[PDB]
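Asker: I would like to see how this sequence folds:
(2 chains)
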Amino acid sequence: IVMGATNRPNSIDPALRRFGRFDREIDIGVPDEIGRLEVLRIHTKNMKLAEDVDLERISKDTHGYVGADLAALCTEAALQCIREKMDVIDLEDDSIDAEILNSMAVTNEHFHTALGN
Amino acid sequence: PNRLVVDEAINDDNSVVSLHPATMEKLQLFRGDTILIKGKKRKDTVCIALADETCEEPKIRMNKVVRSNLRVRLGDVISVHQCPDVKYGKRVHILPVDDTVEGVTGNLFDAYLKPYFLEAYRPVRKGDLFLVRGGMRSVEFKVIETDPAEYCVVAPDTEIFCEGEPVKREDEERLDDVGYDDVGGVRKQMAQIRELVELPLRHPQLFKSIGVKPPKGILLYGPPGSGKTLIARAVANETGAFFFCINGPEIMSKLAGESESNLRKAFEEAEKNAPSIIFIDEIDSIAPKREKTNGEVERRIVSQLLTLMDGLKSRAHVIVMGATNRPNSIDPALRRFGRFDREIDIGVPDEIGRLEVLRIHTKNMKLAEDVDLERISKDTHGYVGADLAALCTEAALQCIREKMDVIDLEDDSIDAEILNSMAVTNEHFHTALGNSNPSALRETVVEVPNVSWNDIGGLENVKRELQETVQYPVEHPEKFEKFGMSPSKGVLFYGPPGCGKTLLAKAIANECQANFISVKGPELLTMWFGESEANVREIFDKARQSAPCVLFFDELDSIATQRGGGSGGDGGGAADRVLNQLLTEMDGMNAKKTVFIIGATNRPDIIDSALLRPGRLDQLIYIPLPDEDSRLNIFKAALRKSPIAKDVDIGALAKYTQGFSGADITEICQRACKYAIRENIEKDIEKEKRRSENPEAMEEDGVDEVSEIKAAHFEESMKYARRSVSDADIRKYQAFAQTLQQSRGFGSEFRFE
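Answerer: Numbers count the residues shown, from 1 in each chain, chains lettered A, B, ... in the order given. Next comes the structure:
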């Protein structure tokens, strides 16, 4: 079985879409609100999310966002949390306290900021 | 407490540094002890710490040699740490400089280093440099290696070896490697890049604990010569990472097959030396936008770059800073997730940015004490950093101009006194600016205009309306969410020409500290005629990234008139490429985004109705001609900079000059100044005539009549006063305002039981 892949069916040469070569076609379209919710839950499962995180709000406010964009949003939120956590952590020190590392965790406002950016 | 500012030291000894006594006590440092000092580029050195009461508590005093060793200059902050582990060197390898040894016979070690280190117990670190005085000459020496392999104190029993090749001075000068301080105008972008890059490379443990994937792809687009290549080197050198630079032209100039080999070797070596940084300078040549795919080599290289970017991994500790002029010029396939996700805009520097760039480029030159760089920065608009460096070079060249007459060209030798007497002057900078040319003038400038409500004359109703529609949703949006209703995402200004609509927009932007973007209809019209309609989406994108923002579409009716609007340009309406794209982008804007858009039109009866539909630009506000107080405000603003004769108070004139637009006010002032100006020059010409009559008559100390702008010349100017707008145009405007108003009936007839 040969699963092709592309962006739009018209971008492919028609000769490939004749019977025998590539007959079935499937549309992996933009995920819906529920789809965005599952994608966010999948990408954020391994991270240290806060107890006040409201992923449903992010899913509702995310329209036109593909899964990769959602992962980028999560990464941006973590980066913003680091932002807030830079002042205490000295950059010139090759070693960083483990307590601060264990204390890091994203917050809903960080997600809001990342979505804004 | 261990960080101190670098300062000049009283002692010139290379291996001795001075610290404030209480500061040493806080660090538990005693006089004569060996201390490890960390400077820039992760370069540290070892010096003998001495107590100096004259040194300020937050300052550390040290000479030029240690400054070079630490790669820091005056004003830089360095860290001092206890180094009680410095062991007496068993063997130290130090070599001289190639140019400093010419004319010296014998063993340079015995002449200079042997007495310099014997019984001095001077700490030495690998790569350290110092100057030793002996035999009437000063010879530079560089430390090659130390027995501990980190640093040691050279004792009398230490065996110092100087058998090796001399060190080249030109190559040694590279040690002044670029840091964050050598760039300017990119403070915010500098922070973004420093974070996104230095954090994972220096402290990946943070991301690992948070379980996130640090970005690999960074794209720095902007104007040519803005300093892109310097930022990456500064970042890499500050993080201590291995930097490998790739230039698009260099890669594309290689023979087929060799470019791919070089690229793969670059990636492979970069991954070997992790943490590493890769700069694909001018990625446009490597991967230009697919407008036409001609040939096979170009496709091969672009696809090779794509697959190489995809194949790289987060654990590899590799970051790829691209570079280009405009993001659209790059092939979209590169901007997909995984390859090049983050994008940064190294835009034109602002006034402060221009100031820092000028101070950076002119620090090494012999500037005069009367140089006013702030004036140059203020007068330099649209100038990129490279243009500023060119301006400085032109100013120096002009100083040379003034200095040519004395210096004979045919003489192979030139006096040293004249050379030491050269120095640029502010007037030279003015001349260079007059001769120079900006490189960036059509690029959308994003900044916070300084116009304030005080500059806005009256218009209390419109002031209130626009503050309502804009100021609140950007100053108090959280409570808008609290109630939650959608805010207005647009507004349209219709009014007479030359009534200060752009001033109003800029003032409202400043009140909210929100960025203002000025886009005129002619520019979009030209770009569409240039078949570059993607510029419109680019404007919308930029306005979005720099939120909060106020996108001001100047002469919105220009496009409609080009198509016709309501006057009947073509047989029908006004919609076209640019207009339709504008509507499409308008309906596609994010409700949560603080991108407010303002449209200005001098002709409301010709604007396409589709643009006025709710959801795109619906709020319509009328801007009347300035009234008595508004006209007074405009008058004083125009004459605010100029002196006026005491006999003339401009409010009296403003009172009776109804029906006259702000442009007419500006021109009345221009003509009044102009007539007073003719008066001044006529007086000067009469003075010159009198002096010609009596050239030898010594000019007495007669108080020169104060050259002011008097009321007679205001009379002469108003004799040529204009009123561009007639009462018929205002009648049309109020007819539109009435067709809009249609408010009556329930003003007071409604009340609940």
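Asker: So what's the residue count around residue A:108?
Answerer: Neighbours of residue A:108 under the rule other CB atoms under 10 Å in any protein chain shown: 16. C-beta here means a position set from N, CA and C on the backbone, and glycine is covered the same way.
Asker: Ignore what I typed, I meant residue A:101.
Answerer: Neighbours around residue A:101, by other CB under 10 Å: 17.
Asker: State which one residue of chain A is found closest to chain B.
Answerer: Nearest to chain B in chain A, going by CB to the nearest CB, is residue A:68, at a distance of 3.5 Å.
Asker: Spell out which residues of chain A are next to chain B.
Answerer: Applying CB under 8 Å from any CB of the partner chain, we find that chain A lies next to chain B at A:46-48, A:61, A:68-69, A:71-72, A:74-75, A:78-79, A:81-83, A:85-86, A:89, A:91-92, A:96, A:101-102, A:104-106, A:115-116.
Asker: Could you name the specific helix or strand carrying the residue of chain A closest to chain B?
Answerer: Residue A:68 is part of helix A:67-84, with elements assigned from DSSP states H and E.
Asker: May I see the buried residues of the helix or strand that comes right after that helix?
Answerer: Remark: after helix A:67-84, the chain's next helix or strand is helix A:98-103, criterion DSSP H and E. Of the residues in helix A:98-103, residue A:101 count as buried by neighbour count, 16 or more other CB atoms under 10 Å in any protein chain shown.
Asker: Does anything pack onto helix A:98-103? Which helices or strands?
Answerer: Contacts defined by 3 or more CB pairs under 8 Å, 6 or more residues apart in numbering or on different chains; DSSP states H and E place helix A:98-103 against helix B:204-210.
Asker: Pull out the CA atoms of the helix it packs on and give them to me as CSV.
Answerer: Output of helix B:204-210 as CSV, limited to C-alpha atoms (Å, rounded to 0.1, in the frame of the first residue of the first chain):
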residue,chain,number,x,y,z
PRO,B,204,19.4,22.8,28.0
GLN,B,205,18.6,21.2,31.3
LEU,B,206,15.8,23.7,31.7
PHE,B,207,14.1,22.7,28.5
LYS,B,208,14.7,19.0,29.3
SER,B,209,13.0,19.3,32.7
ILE,B,210,10.1,21.2,31.2
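Asker: Show the contacting residues for the nearest residue to residue A:71 once chain neighbours are set aside.
Answerer: Spatial nearest neighbour of residue A:71, excluding adjacent residues (CB to CB, 6 or more residues apart in numbering or on different chains): residue A:43 at 4.7 Å. By CB atoms under 8 Å, 6 or more residues apart in numbering or on different chains, the contact set of residue A:43 is A:67, A:70, A:71, A:74.
Asker: thinking again about what came up before, filter the residues of chain A next to chain B to the buried ones?
Answerer: A:47-48, A:61, A:69, A:71-72, A:74-75, A:78-79, A:81-82, A:85, A:89, A:96, A:101, A:104-106, A:115.
Asker: What is the burial count for the nearest residue to residue A:15 once chain neighbours are set aside?
Answerer: The shortest distance from residue A:15 to any non-neighbouring residue, by CB to CB, 6+ apart, is to residue A:21 (8.0 Å). By other CB under 10 Å, the residues close to residue A:21 number 10.
Asker: Please give me every residue in contact with the residue nearest the centre of chain A.
Answerer: Ranked by distance to the mean C-alpha position of chain A (CA atoms, centre = their mean), the top residue is residue A:71 at 1.4 Å. By CB under 8 Å, 6+ apart, the contact set of residue A:71 is A:39, A:43, B:213, B:337.
Asker: and the residues you listed, which two are the farthest apart?
Answerer: Greatest spacing in the contacts of residue A:71, by CB to CB: A:39 and B:213 (15.2 Å).
Asker: before we move on, the earlier item: relative orientation of the helix holding residue A:68 and helix A:108-116 in degrees?
Answerer: Per axes from the mean of the first three to the mean of the last three CA atoms, to 10 degrees, the angle that helix A:67-84 makes with helix A:108-116 is 120 degrees.
Asker: Tell me the gap between helix A:67-84 and the middle of its chain.
Answerer: In terms of CA atoms, centre = their mean, to the nearest Å, the centre of helix A:67-84 is found 8 Å from the chain centre.
Asker: and what of stretch A:56-75?
Answerer: With CA atoms, centre = their mean, you get 6 Å for stretch A:56-75.
Asker: next one: stretch A:105-116
Answerer: Relative to the centre of its chain, stretch A:105-116 is centred 13 Å away, using CA atoms, centre = their mean.
Asker: Could you do stretch A:78-98 as well?
Answerer: Centroid separation between stretch A:78-98 and its chain, computed with CA atoms, centre = their mean, is 23 Å.
Asker: Identify all contacting residues around that stretch.
Answerer: A:47, A:100, A:104-107, A:110, A:113-114, A:117, B:38, B:79, B:195-196, B:198-199, B:202-203, B:205-207, B:210, B:212.
Asker: try stretch A:3-18
Answerer: A:21, A:22, A:23, A:25.
Asker: Now restrict those to buried residues only.
Answerer: For the contacts of stretch A:3-18, buried by 16+ other CB under 10 Å: none.
Asker: Using neighbour counts, pick out the buried residues of stretch A:108-117.
Answerer: So, applying 16+ other CB under 10 Å, buried residues of stretch A:108-117: A:108, A:110, A:111, A:112, A:113, A:114, A:115.
Asker: so the fifth one touches residue A:77, yeah?
Answerer: Yes. Residue A:113 is in contact with residue A:77 according to CB atoms under 8 Å; the separation is 7.1 Å.
Asker: Is residue A:115 in contact with residue A:60, as I believe?
Answerer: No. Using CB under 8 Å, residue A:115 is not in contact with residue A:60, being 11.0 Å away.
Asker: Can you report how many residues neighbour residue A:58?
Answerer: Residue A:58: 23 surrounding residues under other CB under 10 Å.
Asker: so what's it up against?
Answerer: Counting by CB under 8 Å, 6+ apart, residue A:58 touches A:36, A:40, A:73, A:111, A:115.
Asker: rerun at 6 Å
Answerer: By CB atoms under 6 Å, 6 or more residues apart in numbering or on different chains, residue A:58 lies in contact with residue A:111.
Asker: now stretch A:33-45, how far from the chain's geometric center?
Answerer: Worked out by CA atoms, centre = their mean, stretch A:33-45 lies 8 Å from the chain centre.
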